[PDB]
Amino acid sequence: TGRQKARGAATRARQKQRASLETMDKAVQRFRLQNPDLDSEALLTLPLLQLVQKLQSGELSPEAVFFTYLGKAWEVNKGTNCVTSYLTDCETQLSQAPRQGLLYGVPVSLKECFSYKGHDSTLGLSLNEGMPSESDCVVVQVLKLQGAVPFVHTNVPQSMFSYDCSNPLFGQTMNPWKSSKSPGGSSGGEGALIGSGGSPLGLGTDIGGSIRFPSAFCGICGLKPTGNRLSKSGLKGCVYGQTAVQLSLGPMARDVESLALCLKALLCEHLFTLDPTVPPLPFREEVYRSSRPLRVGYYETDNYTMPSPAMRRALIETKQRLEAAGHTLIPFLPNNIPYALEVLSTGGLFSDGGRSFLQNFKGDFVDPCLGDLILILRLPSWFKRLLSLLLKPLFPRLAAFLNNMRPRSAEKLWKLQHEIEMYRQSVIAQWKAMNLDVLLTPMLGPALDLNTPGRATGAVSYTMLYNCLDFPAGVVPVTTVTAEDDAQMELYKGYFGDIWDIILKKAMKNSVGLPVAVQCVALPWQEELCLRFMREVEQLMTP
C-alpha cells in the first residue's frame, strides 16, 4: 500500500538488468567462439597506459579489448552485483571511436548517474524508473570523442547520499575482497568493478567522499577534483540548486597514471566548448610529471573519527617513506574541523531541513543501507531542536548533527555561504603559513560491513572536510590489514563513545587482508600536483 508503483518499478528494473546481463553474455560467448586462442589474462592484466599504447599501435584490436573486458565484467558481477545496465550502443561506438583519441578503444565504466542516451539513471529511486535519458551527458560525449567506449552503468546506493551501495531496484553491491563487506559508495559499483578487474577506468561523483570511499574500500585509486574542474552538465541528481557544498566528478582506476590520463583526456577543447561554464584549464603535464621535493603536511587523526589501527599505520608508514625519499613532513591539521563538519557541511547539504531531498523518497521504499537518515530528516524542525538540546549534554556530536539539518531562511543560507567562504580562506591561510605543497591524511578503512556505513555517519569526517573546503582530494592504496591491526581494533573506543563510534568498531571486525588507503590533498585547481603526490605515494608504498 503506497508501494504499488515502487514495486512495479523494481520488477521492471530487475528485468532490464537481467536482460542486459544476458545480452552481455551472448556477445561474449560469440566473441570467444571466434577468438579461442586470445590470451585474455595477458590483456586484462595490462596496465591501462600499456593497453592504450597497444590499441593506438594496432597490436591489440578494439574488439579484442572490448569483449575480453565485457566478459570479465559479466563474470565479476556474479559475486558483486555491481552492474545495473549494459550500454548496448557500445558495439557501434566501438567501431566509430576516433582513432587518434587519447582513450582510443578503452572500455570505460560509468556510475549510473552519468546520463547515457536511451538509459535510465534511476539512482535506485522509483520515481526515476522508465525515464530514459534523451542524450549522453557532456563527460560521456567527451569520452566518446576521445575514443573511449562506455560499456556499463554501475550500481549506487538509493539516492547516492550514502557511502554504502544498495537500492530497492537493483539491490546490494558487495565488496569483491569479502562479500560481507561494503564496496563503499556511492560510486560502489565502480569500486567493485574496477577493483575486481572488470574495468580499466571509470567515472564517479563525490559530494562527501563517494569517489574516495569505494576506491579505498576496494583497493583502487580515485581522484575528486575541485568541483568545477570537470563538467556536471547532464549528470542525474536528486537535489537541485544546493551550491554551498558542490558536487565533483572524477576518475577511478587501478593506478595513479590512469587517473592522470583520464583527466588529461577530459580537459580538452571538446569539454570546454560543450560546457562553457567550466574554466578552460588544460592538464598541466609539467606539474604532474615533476619530481621536486615536497613540503607535505600530515596528520594521523582528525580528532573526530579515531583512525582504525590499520589507518594510522598506513598513514605513519607513508609519512616515513616520504621522509626517506627526501620530502619534508610537517604536522598539520586544518582548524575547526568540528565546525566544518557539523555546521558548514551538514548545514550546506541540508539547509532546507532535507525537504527537497525527501521528495525523492515519496511513495518509495527506504533501503536499509540508508539507516535512519530519512526518518531523522523527516522529523519536524522543532523536534530536531528539542531532541538536539536533550542529547547535547551526553552526545554533542549527535546533538550538533540534528540541530544543523533543520530548515532555515534564505538570509541564514547567505550567512552560511559566507561562513563556508571565510572557512576556505582560513584553511588556505593556515596552509600558506606553513608553506605546504600538499597534505597527507588518513582515509577511512578498511571496508565496513554491509549496511553499517548508514549508521556510522561521523566516519565521513576525513573525506567530507575536502568537499566543504573544495580542495582536490584523491586516495591511493598503501597496505592491507594485518592480524595485529585487526586484533588492535578490539580495543577501539573513539573520541565520543556515541552510536557512530560504537558501530564502527563492530563494522570493521574481521578485516584481515583488506586494502587500506591514504588521502592526498592539494589546493583548489591543483589536480596535477595532487596527482603528482599520489604518484609518489604509489611509487613508495607499492613499488
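Just count from 1 along the sequence shown to find any residue number.
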query: Higher-B stretch (mean Cα B-factor, as the entry records it), 196-204 or 393-401; finding: 393-401
query: Of 511-519 and 52-60, the stretch whose C-alpha atoms average the higher B-factor in the entry; finding: 52-60
query: Position of residue 94 among the chain's modelled residues by C-alpha B-factor, lowest, middle or highest third; finding: highest
query: Entry-reported Cα temperature factor of residue 494, expressed as the chain third it lands in; finding: highest
query: CA B-factor ranking of residue 78, expressed as a third of its chain; finding: middle
query: Relative C-alpha B-factor of residue 244, binned into the chain's lowest, middle or highest third; finding: middle
query: Residue 361, C-alpha B-factor rank within chain (lowest, middle or highest third); finding: middle
